[PDB]
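# Topology and contacts: notes
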Amino acid sequence: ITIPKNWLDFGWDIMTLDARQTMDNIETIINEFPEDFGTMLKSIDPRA
Amino acid sequence: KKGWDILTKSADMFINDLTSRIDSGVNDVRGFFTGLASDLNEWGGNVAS
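Our subject in this report is the structure included herewith. (Residues numbered from 1 in each chain as written, not as in the entry; some residues may be left out. Chains lettered and ligands numbered in written order. Part of a larger assembly, values for the part shown. Heavy atoms only, no water.)

### What about the overall build of chain B?
Filter applied, for reference: A helix here means a DSSP run of H or I that spans at least four residues, while a strand means a run of E at least two residues long, and both kinds are numbered starting from the N terminus. Exposed residues in this analysis have more than 50% of their type's maximum accessible area, buried residues have under 20%, and partly exposed residues fall in between, with area computed by a 1.4 Å probe over protein chains only.
What chain B contains, in helices and strands, is two helices and zero strands. Each principal axis of the C-alpha atoms in chain B carries an extent, and together these give about 70 × 10 × 10 Å. Here chain B holds 49 residues, and 4% of them are scored as buried.

What follows is the structure, given as structure tokens:
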């Protein structure tokens, strides 16, 4: 049980860590609404 | 955003042009109103003669 507790539990928190590695992508994509899309709105200002 | 007014600020001006054709163009109170002095020299010169 010590091998789980010390290692494999951490390995399954590492399974759990996929969120806390992909939220990098997801939240920075949230930040693309300020950025890539956001700049496009700020070009729709000029169009208007 | 700065420059993207230009091509319709000109569109304010494009009737500032047509209205120029009123005051600089076919004006009355200046222009035609010269008759209301030159006619008085025609009549004046004629009546005096």
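Back to the write-up after that little detour.
### Observations regarding the overall build of chain A
Stated precisely, the cut-off is as follows: In this tally, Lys and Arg are treated as positive and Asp and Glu as negative; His is ignored, and so are the chain termini. To locate a charge, take NZ of a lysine, CZ of an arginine, CG of an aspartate or CD of a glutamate.
A tally of helices and strands in chain A yields three helices and zero strands. Beginning at the N terminus, the succession of helices and strands in chain A can be written as α-α-α. On the principal axes, the C-alpha backbone points of chain A span a range of 65 × 10 × 5 Å. Going through the 48 residues of chain A one by one, you find that 4% of them count as buried. Taken together, the 4 basic and 9 acidic charged side chains of chain A have centroids lying 5 Å from each other.

### Quick word on a nonpolar patch on the surface
Residue and element names in this part refer to chain A. Using the following cut-off: Note that patches include only residues with greater than 30% relative accessible area and no salt bridge, and the join distances are 9 Å for like charges and 5 Å for nonpolar side chains (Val, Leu, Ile, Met, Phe, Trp, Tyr). Computed by Shrake-Rupley with a 1.4 Å probe, the accessible areas treat only the displayed protein chains as cover when residues are assessed. What counts as a salt bridge is simple: a side-chain nitrogen of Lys or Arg found within 4 Å of a carboxyl oxygen of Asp or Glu.
A cluster of nonpolar side chains, contributed by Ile 3, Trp 7, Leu 8, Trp 12 and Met 15, occupies part of the molecular surface with about 590 Å² of accessible area. Following the sequence through the fold, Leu 8 ends up in helix α1 (residues 2–16). By relative accessible area, which is 41% here, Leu 8 ends up partly exposed.

### Here's the deal with α1(A)
Heads up, the rule is: In a helix, the anticipated span is given by 1.5 Å times the number of residues less one. A residue's bend is the angle separating two fitted axes: one through the seven residues that end there, the other through the seven that start there.
With 15 residues, α1(A) should reach 21 Å at 1.5 Å per residue; the first-to-last C-alpha distance of 20 Å fits that figure. Along α1(A), the sharpest change in direction is near 40° and occurs at A:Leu8.

### Quick notes on the pattern of salt bridges
With the rule as written, the count across this model stands at two salt bridges over all chains. Ionic pairing is found between B:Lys1 and A:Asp45, a salt bridge with its closest N-O pair at 3.5 Å. Of this pair, B:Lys1 sits in the segment before α1 (6–25) while A:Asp45 sits in helix α3 (residues 36–47), each in a different chain. What makes A:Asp45 partly exposed here is its relative accessible area of 44%. Its salt-bridge partner being B:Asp17, residue B:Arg21 comes within 2.9 Å of it at the nearest N-O pair. With B:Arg21 and B:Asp17 both in helix α1 and four residues apart, the pair spans about one turn of that helix. Relative accessible area serves as the criterion here: at 34%, B:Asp17 is assigned to the partly exposed category.

### Considering the packing of aromatic side chains
Residues and elements named next belong to chain A. The cut-off we apply is this: Only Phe, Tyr and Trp rings are paired, with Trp represented by its six-membered ring, and only when their centres lie within 6.5 Å; those with planes under 30 degrees apart are stacked, over 60 edge-to-face, the remainder tilted.
Tallied over the entire structure, the rule returns one aromatic pair over all chains. Between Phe 33 and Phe 37 the ring centres are 4.6 Å apart and the planes differ by 15°, which places this aromatic pair in the stacked class. Overall, the relative accessible area of 43% leaves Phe 37 in the partly exposed class.

Function-wise, these values are silent; they only describe arrangement.
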